[PDB]
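These protein sequences, in sequence, are chains A, B, C, D, E and F. Per the working numbering, the very first residue in the first sequence carries number 1332; after that it's consecutive. Per the working numbering, the very first residue in the second sequence carries number 1332; after that it's consecutive. Per the working numbering, the very first residue in the third sequence carries number 1332; after that it's consecutive. Per the working numbering, the very first residue in the fourth sequence carries number 1332; after that it's consecutive. Per the working numbering, the very first residue in the fifth sequence carries number 1332; after that it's consecutive. Per the working numbering, the very first residue in the sixth sequence carries number 1332; after that it's consecutive. Each residue gets a CB set at the ideal place from its N, CA and C atoms; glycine is no exception.
There are 6 protein chains.
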Amino acid sequence: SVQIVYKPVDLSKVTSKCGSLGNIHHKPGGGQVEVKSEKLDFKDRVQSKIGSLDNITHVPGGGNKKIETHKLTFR
Amino acid sequence: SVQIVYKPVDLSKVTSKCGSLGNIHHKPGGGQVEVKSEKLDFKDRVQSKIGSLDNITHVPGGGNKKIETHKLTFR
Amino acid sequence: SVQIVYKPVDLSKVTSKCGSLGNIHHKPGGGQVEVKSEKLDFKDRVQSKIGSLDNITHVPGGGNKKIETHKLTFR
Amino acid sequence: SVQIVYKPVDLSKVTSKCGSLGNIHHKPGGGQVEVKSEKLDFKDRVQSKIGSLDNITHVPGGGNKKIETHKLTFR
Amino acid sequence: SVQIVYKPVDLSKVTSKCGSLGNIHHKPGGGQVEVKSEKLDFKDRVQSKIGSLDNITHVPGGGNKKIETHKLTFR
Amino acid sequence: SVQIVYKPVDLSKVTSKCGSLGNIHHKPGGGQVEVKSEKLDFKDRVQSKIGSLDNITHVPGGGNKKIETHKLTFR
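Okay, structure coming up:
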């Protein structure tokens, strides 16, 4: 005779928490910002940001991947 | 006789929490922003952002992928 | 005689929470923004944003993908 | 604000296996039984079993009882 | 605001297996039974069984009882 | 604010295995049984078993009882 019993139990967490979670920003203040630009010459791409208070979150990561194989073979 | 019993149980979580979650921004102030530009000369692409208070979240990530394979081969 | 019983149970979650969730922005203030421009010259594409208080969420990510494969082969 | 989330999960077994299970009785032999009775006198109830091979299972027990009570009272 | 979410999940088993299950009785032999009776005298109820091979299952038990009570009371 | 989350998970077994499970009785032999009774006198109940090979399982027990009470009271 043969009896095979296959009863794995999984309660696992795979988890990510990414970027800005649960912060307190109590009354922050950006200063006065002044930009004067005169006679400038640009021969290639200009990428520009000007500002007093910038708050930025960027998240290319924080992804999750679970691979799970349950192979059983008899004879 | 042969008896095969295949009863795996899954309660697993795959989970992501990405970007800006549960933050408090209590009364943040952007300051005055002044930009003066004069006689400038751009020969290729200009990309520009000007502002007092910028609050940006960007999330290319945080994706999830579960691959699950149950296989039973008899003779 | 042969008996095969195939009773897998799944209660698993695949889940994503992406972008800006459950934040409090209590009375945020953008400052005055002034942009003055004179005699400028652009010879290729100009992309511009001007504003006092910008509140941006962008989410190319946060997707979910479950592949599940049950196979039972007899003789 | 109030949020109540009530998500109990039950996969429990209550199980009983009672009496004679999965036994092998390979070629059991009862012997010859002879009962001779003479001039006997019974003034009240007679209950009798006579036999060579008796194979008896009796199960007043093995019962199961699940009482389950979920209660949520608000104000 | 008030939000109540009531999502209990049940997959529980209540189960009984009573009496004679899955036994093998390979070629059992009852022997010769002889009962000889003379001049006997019974003044109240006679209950009798005579036989070579008796194979009895009796099950007053093995019953199952699930009581399940969900209650949600608001104000 | 109030948030109450009630997520208990149960995978418990309550289990009983009672009486005769998984025995091997390889070729047991009952002997010859002879009873001679003469001139006996019974003034009250007679209960009798005569036999060569008696193989008895009796199970009043082996019962199971799960009482489960989930209660959540708010104000």
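Legend entry - Any 3 or more C-beta pairs closer than 8 Å across the segment 1341-1349 of chain B and the segment 1363-1372 of chain C: no
Inset, instruction - Using alpha carbons as the reference points, say which of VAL1364(C), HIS1357(C), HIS1356(C), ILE1355(C) lies closest to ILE1381(C). - result: For the purposes of this step, residue 1381(C) is taken as the residue at position 50 of the third sequence. Considering only alpha carbons, the answer is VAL1364(C).
Inset, instruction - Tell me, please, whether the CB atom of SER1332(F) is closer than 8 Å to any CB atom in chain E? - result: Looking up residue 1332(F) in the sixth sequence gives position 1. No, because no Cβ of chain E sits closer than 8 Å to the Cβ of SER1332(F).
Inset, instruction - Give me the Cα-Cα distance between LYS1402(C) and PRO1339(C), rounded to the nearest whole angstrom. - result: Translated into the one-based positions of the third sequence, residue 1402(C) becomes position 71. Translated into the one-based positions of the third sequence, residue 1339(C) becomes position 8. Going by the C-alpha atoms only, they are around 12 Å apart.
Inset, instruction - Report the three-state DSSP secondary structure of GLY1360(D) (helix, strand or coil). - result: Mapped onto the fourth sequence, residue 1360(D) falls at position 29. It is a strand residue.
Inset, instruction - Jot down the residue ranges of each uninterrupted beta strand (DSSP E) in the segment 1335-1401 of chain F, minimum 3 residues, whole runs only, in chain order. - result: 1344-1352, 1355-1357, 1364-1369, 1377-1389
Inset, instruction - Kindly list the residues whose CB is nearer than 8 Å to the CB of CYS1349(A), restricted to its own chain and excluding five residues on each side of it in sequence; keep chain order. - result: The sequence position of residue 1349(A) within the first sequence is 18, counting from 1. Answer for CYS1349(A): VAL1390, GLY1392, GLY1393, listed in chain order.
Inset, instruction - Using only alpha-carbon positions, find the residue among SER1383(C), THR1404(C), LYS1396(C) that is nearest to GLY1361(C). - result: Taking the first residue of the third sequence as position 1, residue 1361(C) is located at position 30. Selected option, being the one with the closest Cα: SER1383(C).
Inset, instruction - Keeping to the same chain, check which residues put their C-beta closer than 6 Å to that of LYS1397(C); ignore five residues upstream and five downstream. - result: The residue given as residue 1397(C) occupies position 66 in the third sequence. Cβ within range, chain order: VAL1345.
Inset, instruction - Report all residues from its chain with a CB closer than 8 Å to the CB of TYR1337(B); omit the five preceding and five following residues, and keep chain order. - result: Indexing the second sequence from 1 puts residue 1337(B) at position 6. Excluding sequence neighbours, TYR1337(B) sits near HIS1401, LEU1403.
Legend entry - C-beta contact flag for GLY1353(D) and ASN1395(E) at 8 Å: As a working note, residue 1353(D) is residue 22 in the fourth sequence. As a working note, residue 1395(E) is residue 64 in the fifth sequence. Taking 8 Å as the Cβ cut-off, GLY1353(D) and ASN1395(E) do not qualify as a contacting pair.
Legend entry - Straight-line Cα distance separating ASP1385(E) from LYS1358(D): Within the fourth sequence, numbered from 1, the residue matching residue 1358(D) stands at position 27. Within the fifth sequence, numbered from 1, the residue matching residue 1385(E) stands at position 54. Distance from the CA of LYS1358(D) to the CA of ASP1385(E), rounded to the nearest whole angstrom, comes to 15 Å.
Legend entry - CB contact flag (residue 1287(D), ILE1335(E), <8 Å): Coverage of chain D is limited to positions 1332 through 1406, which leaves residue 1287(D) absent and any answer about it impossible.
Inset, instruction - Measure how close the beta-carbons of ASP1372(D) and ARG1376(F) come, nearest whole angstrom, since I'm counting them as under 8 Å. - result: Sequence index remark: in the fourth sequence, residue 1372(D) carries index 41 (1-based). Sequence index remark: in the sixth sequence, residue 1376(F) carries index 45 (1-based). Contact doesn't hold; Cβ gap of about 14 Å is too wide.
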